[PDB]
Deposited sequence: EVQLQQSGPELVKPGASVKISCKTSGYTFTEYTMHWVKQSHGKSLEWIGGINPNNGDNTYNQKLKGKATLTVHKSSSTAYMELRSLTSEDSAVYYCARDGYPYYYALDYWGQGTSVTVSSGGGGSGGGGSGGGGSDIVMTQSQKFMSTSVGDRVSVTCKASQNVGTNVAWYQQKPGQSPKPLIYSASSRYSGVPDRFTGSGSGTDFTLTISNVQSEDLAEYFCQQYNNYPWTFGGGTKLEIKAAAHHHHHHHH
């Protein structure tokens, strides 16, 4: 049983620094790469960077302008993220999450999140979810669209997020379901136009839905589409 247990909330003021941890269990720590993702209140997901725990290799989103550093401690099976020179704009929930390659691609397990309170590169891929809010009725068939600004093949994942929870992985490789994901959820598309389809929508599908590409670094997410379900 895989688990990513992150450390508790932090309150800081401008100029200081925070270090948060992500303790893993249920699997061999060194066999899977760990990623970090930021979510500003109400805002969308942003990829911070990744680290291969077996060799310490790491990479970062240039948007962060160098303020994050990732480390691991192989002994305690723990990953760390340190943020420096914190400002107003750094208040967000910070997630650790596991790249499930080569079995389930993209981010197949997520920590519970750590609250921290105090334009892009020209070749970055933009994922556009043009709908921010949809209302439908129970039983409807729902289509959530996501467009990529460059060809991303089928290297696209979809996640589901309910308030106060980490994102739940639904779809990877554009059309495959993660473990335990109901058949009502299907993904389609290739190249630049992707859709998540929910067949016979139920009350428990009330959530915000996010696409993401992992065809190139930095990994990028769509802005999210909230789905409201009425009787």
Fill in the blank from the handout: Counting from 1 along the deposited sequence, the ranges with no C-alpha atoms are 119-130, 244-253
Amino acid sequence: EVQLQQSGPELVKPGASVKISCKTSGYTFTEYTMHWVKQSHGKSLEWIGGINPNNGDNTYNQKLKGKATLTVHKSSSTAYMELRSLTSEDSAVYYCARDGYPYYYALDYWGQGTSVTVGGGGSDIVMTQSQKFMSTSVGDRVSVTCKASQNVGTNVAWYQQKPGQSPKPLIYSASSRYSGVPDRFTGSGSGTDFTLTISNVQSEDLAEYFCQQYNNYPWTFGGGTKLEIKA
From here on, numbers count along this sequence of modelled residues.
Problem - Given 128-136 and 72-80, the range whose Cα B-factors average higher in the PDB entry - result: 72-80
Problem - 151-159 versus 90-98 - greater average Cα B-factor per the deposited record - result: 90-98
Fill in the blank from the handout: Per the deposited B-factor column, the C-alpha that peaks among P169, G189, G164, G49 belongs to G164
Practice task
Report the third (lowest, middle or highest) to which the CA temperature factor of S143 belongs, ranking only the modelled residues of the same chain.
Solution key: middle
Exercise for the section: For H35, return the chain-relative third of its C-alpha B-factor as stated in the PDB record: lowest, middle or highest. Expected result: lowest
Problem - For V181, the third of its chain into which the C-alpha B factor falls - result: highest
Practice task
Sort the modelled residues of this chain by their C-alpha B factor and say whether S115 lands in the lowest, middle or highest third.
Solution key: middle
Practice task
State the tercile, meaning the lowest, middle or highest third, of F194 with respect to the CA B-factors recorded for its chain.
Solution key: lowest
